[PDB]
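K.L.:
Dropping the structure in here first, questions after.
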Amino acid sequence: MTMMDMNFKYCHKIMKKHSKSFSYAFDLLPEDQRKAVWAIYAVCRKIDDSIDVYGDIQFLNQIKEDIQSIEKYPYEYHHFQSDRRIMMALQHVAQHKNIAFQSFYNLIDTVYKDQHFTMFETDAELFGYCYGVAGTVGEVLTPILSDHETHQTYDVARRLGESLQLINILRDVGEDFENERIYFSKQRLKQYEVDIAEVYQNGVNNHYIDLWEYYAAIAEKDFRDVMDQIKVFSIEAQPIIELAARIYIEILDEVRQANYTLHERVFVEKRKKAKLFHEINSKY
Ligand SMILES: CC(C)=CCC/C(C)=C/CC/C(C)=C/CSP(=O)(O)OP(=O)(O)O
Ligand SMILES: CC(C)=CCC/C(C)=C/CC/C(C)=C/CSP(=O)(O)OP(=O)(O)O
Ligand SMILES: [Mg+2]
Ligand SMILES: [Mg+2]
Ligand SMILES: [Mg+2]
């Protein structure tokens, strides 16, 4: 095993550790493509944890600096200040693919501003936040999962990631409340007459369910639109991308089955992921 192989294997470990939902799915891709995804994931994961988990704001500045170094001198050797193995894998990927560097910068700014967390006043603010933390990952992942780097591709990728961030939000309402975060907007929260602190203490009710179902309906609808343009992706990636999404559509059925509980984190069982994959491949 070469050194670079080792760098990608460290990225793989990080994704296996933190992505209980998607590691399984993305590892089904051909080697070159899944190695790039592990790199991207590891970069995004370090960024998202820089502050949330290590509290470390200097570390986040170093990640930005490191990405900035790769963008300007893709071919020079750099003394990476954040995590060397991840940045080497990322520079290796940038020498073969067209990395949307601005998208990592948008993600970094969105993760940063999340330390001045202020509830969204409207859905448009919530949706612009889904772009920043997940539409951007769709954009950076675009040249890896497709040979047609065109606006329709970027656009389905962006729309898929924002859509998964919404499902994510619907799965994590309760744990996000414990961390003092409510991602639903005030406009919509007032309109459905819900106070999350309250529903958290006394259980679900019918206003909360309707609020939640109002957002799940937005996510499901968007899921179906990207499932009609799944062909913008490479042929090897299409069933994986579809598996990734459906796992998350599954999580919504899991929240419904646990009666929208705010006190547990529903997940999808590995065995079930393999089933979903089997069905997708039926028509693939
Ligand atoms: C493929 C494509 C074109 C677009 C999709 C872009 C993606 C994958 C965006 C990320 C969406 C989110 C919120 C993922 C959870 S990461 P996690 O590791 O925390 O997952 P988990 O919390 O275990 O469910
Ligand atoms: C899967 C893939 C290709 C890309 C994802 C890249 C990542 C990790 C981006 C950082 C922003 C996200 C989606 C964090 C997890 S949201 P959460 O509710 O799961 O909270 P968490 O940080 O996981 O505890
Ligand atoms: Mg997670
Ligand atoms: Mg996080
Ligand atoms: Mg969450």
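Every chain in the structure tokens takes a letter, A first, then B, and so on in the order presented; its residues are numbered from 1, and the ligands are numbered from 1 following the presented order.
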Residues of chain A within 10 Å of ligand 2: nearest atom pair and distance (Å, one decimal) for each, counting only C-alpha atoms and all ligand atoms, sorted by chain and number, as CSV?
P.N.:
```
residue,atom,partner,partner_atom_place_in_ligand_line,distance
A:14,CA,ligand 2,8 (C),9.9
A:15,CA,ligand 2,1 (C),7.8
A:18,CA,ligand 2,23 (O),6.4
A:19,CA,ligand 2,1 (C),6.5
A:20,CA,ligand 2,23 (O),8.8
A:21,CA,ligand 2,1 (C),8.0
A:22,CA,ligand 2,1 (C),5.6
A:23,CA,ligand 2,1 (C),7.3
A:25,CA,ligand 2,1 (C),9.3
A:26,CA,ligand 2,3 (C),7.7
A:34,CA,ligand 2,3 (C),9.8
A:36,CA,ligand 2,3 (C),9.8
A:37,CA,ligand 2,3 (C),6.1
A:38,CA,ligand 2,3 (C),7.5
A:39,CA,ligand 2,3 (C),9.3
A:40,CA,ligand 2,3 (C),6.9
A:41,CA,ligand 2,6 (C),4.6
A:42,CA,ligand 2,8 (C),7.2
A:43,CA,ligand 2,6 (C),7.6
A:44,CA,ligand 2,9 (C),4.3
A:45,CA,ligand 2,8 (C),3.9
A:46,CA,ligand 2,8 (C),7.6
A:47,CA,ligand 2,10 (C),6.7
A:48,CA,ligand 2,10 (C),4.7
A:49,CA,ligand 2,22 (O),6.4
A:52,CA,ligand 2,22 (O),7.5
A:53,CA,ligand 2,22 (O),8.3
A:104,CA,ligand 2,9 (C),9.7
A:107,CA,ligand 2,10 (C),7.7
A:108,CA,ligand 2,10 (C),9.2
A:110,CA,ligand 2,11 (C),9.3
A:111,CA,ligand 2,11 (C),7.7
A:130,CA,ligand 2,13 (C),9.1
A:132,CA,ligand 2,11 (C),8.8
A:133,CA,ligand 2,11 (C),5.2
A:134,CA,ligand 2,13 (C),5.7
A:135,CA,ligand 2,13 (C),9.5
A:136,CA,ligand 2,9 (C),9.0
A:137,CA,ligand 2,4 (C),6.1
A:138,CA,ligand 2,3 (C),7.8
A:140,CA,ligand 2,3 (C),9.2
A:141,CA,ligand 2,3 (C),7.1
A:161,CA,ligand 2,13 (C),8.5
A:162,CA,ligand 2,13 (C),9.6
A:164,CA,ligand 2,13 (C),8.5
A:165,CA,ligand 2,13 (C),6.7
A:166,CA,ligand 2,18 (O),9.8
A:167,CA,ligand 2,18 (O),9.4
A:168,CA,ligand 2,18 (O),5.7
A:169,CA,ligand 2,18 (O),6.7
A:170,CA,ligand 2,18 (O),9.5
A:171,CA,ligand 2,18 (O),8.0
A:172,CA,ligand 2,18 (O),6.2
A:173,CA,ligand 2,18 (O),9.3
A:175,CA,ligand 2,18 (O),8.9
A:176,CA,ligand 2,18 (O),8.0
A:241,CA,ligand 2,3 (C),9.8
A:244,CA,ligand 2,1 (C),8.6
```
K.L.:
Enumerate the residues of range 30-237 of chain A with a DSSP assignment of helix (DSSP H, G or I), computed from the backbone, and present them as a count of residues only.
P.N.:
154
K.L.:
Pick out the closest residue to ligand 3 from this set: A:119, A:28, A:100, A:16. Count only C-alpha atoms and all ligand atoms.
P.N.:
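Closest to ligand 3 of all the choices is A:16.
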K.L.:
Near range 178-186 of chain A, within 8 Å and counting only C-alpha atoms, which residues show up once chain neighbours fewer than 2 positions away are dropped, as a list in words?
P.N.:
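Near range 178-186 of chain A, the qualifying residues are residues 117, 119, 120, 121, 122, 123, 125, 126, 169, 173, 174, 175, 176, 188, 189, 190 and 196 of chain A.
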K.L.:
How many Å separate CA of residue 9 in chain A from atom 18 (O, counted along the ligand's line) of ligand 1?
P.N.:
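Taking CA of residue 9 in chain A and atom 18 (O, counted along the ligand's line) of ligand 1, their separation equals 16.6 Å.
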K.L.:
Would you mind telling me which residue in A:86, A:163, A:228, A:51 lies nearest to residue 128 in chain A when using only C-alpha atoms?
P.N.:
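Among the listed residues, the smallest separation from residue 128 in chain A belongs to A:163.
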K.L.:
Which residues come within 12 Å of residue 249 in chain A, counting only C-alpha atoms, excluding same-chain residues fewer than 3 positions away, as a PyMOL selection string?
P.N.:
chain A and resi 21+160+163-168+170-171+216-224+227+242-246+252-256+267-268+273+276
K.L.:
Applying 7 Å and only C-alpha atoms, which residues near residue 89 in chain A remain after dropping the ones on its own chain fewer than 6 positions away? List them as a list in words.
P.N.:
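Counting only C-alpha atoms, the residues come to residues 4, 7, 8 and 39 of chain A.
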K.L.:
Take the residues from that selection and write them out as a JSON list (two decimals), in the first residue's frame, keeping N, CA and C atoms.
P.N.:
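Resulting contents of out-v1.json:
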```json
[["chain", "number", "residue", "atom", "x", "y", "z"],
["A", 4, "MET", "N", -0.27, 7.54, -0.33],
["A", 4, "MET", "CA", -1.53, 8.13, -0.73],
["A", 4, "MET", "C", -2.67, 7.15, -0.41],
["A", 7, "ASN", "N", -3.64, 7.65, 2.94],
["A", 7, "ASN", "CA", -4.37, 8.89, 3.19],
["A", 7, "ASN", "C", -5.86, 8.70, 2.90],
["A", 8, "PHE", "N", -6.17, 8.02, 1.82],
["A", 8, "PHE", "CA", -7.56, 7.77, 1.45],
["A", 8, "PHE", "C", -8.19, 6.80, 2.43],
["A", 39, "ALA", "N", -12.66, 11.44, 0.56],
["A", 39, "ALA", "CA", -11.87, 12.65, 0.75],
["A", 39, "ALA", "C", -12.77, 13.83, 0.98]]
```
K.L.:
Give me the residues within 8 Å of residue 50 in chain A as a PDB file with C-alpha atoms, in the first residue's frame, counting only C-alpha atoms and dropping any in the same chain fewer than 5 places off.
P.N.:
```pdb
ATOM      1  CA  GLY A  55     -15.012  23.981  19.638  1.00  0.00           C
ATOM      2  CA  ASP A  56     -11.812  24.896  17.706  1.00  0.00           C
ATOM      3  CA  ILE A  57     -12.163  28.068  15.520  1.00  0.00           C
ATOM      4  CA  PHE A  59      -8.648  24.708  13.342  1.00  0.00           C
ATOM      5  CA  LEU A  60     -11.486  25.790  11.018  1.00  0.00           C
TER       6      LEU A  60
END
```
K.L.:
To one decimal place in Å, what is the distance between CA of residue 156 in chain A and CA of residue 229 in chain A?
P.N.:
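Separation of CA of residue 156 in chain A and CA of residue 229 in chain A: 7.2 Å.
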K.L.:
For atom 11 (C, counted along the ligand's line) of ligand 1 and CA of residue 94 in chain A, determine how far apart the two atoms are, in Å to one decimal place.
P.N.:
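A separation of 21.6 Å between them.
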K.L.:
When you count only C-alpha atoms and all ligand atoms, which of these residues is closest to ligand 3: A:17, A:32, A:212, A:115?
P.N.:
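Under the stated criterion, the closest residue is A:17.
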K.L.:
So which one's closest to residue 58 in chain A, A:112, A:215, A:260, A:233? Using only C-alpha atoms, please.
P.N.:
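Smallest separation from residue 58 in chain A among the options: A:112.
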K.L.:
Restricting the calculation to only C-alpha atoms and all ligand atoms, which member of A:124, A:266, A:235, A:70 is positioned closest to ligand 1?
P.N.:
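Closest to ligand 1 of all the choices is A:266.
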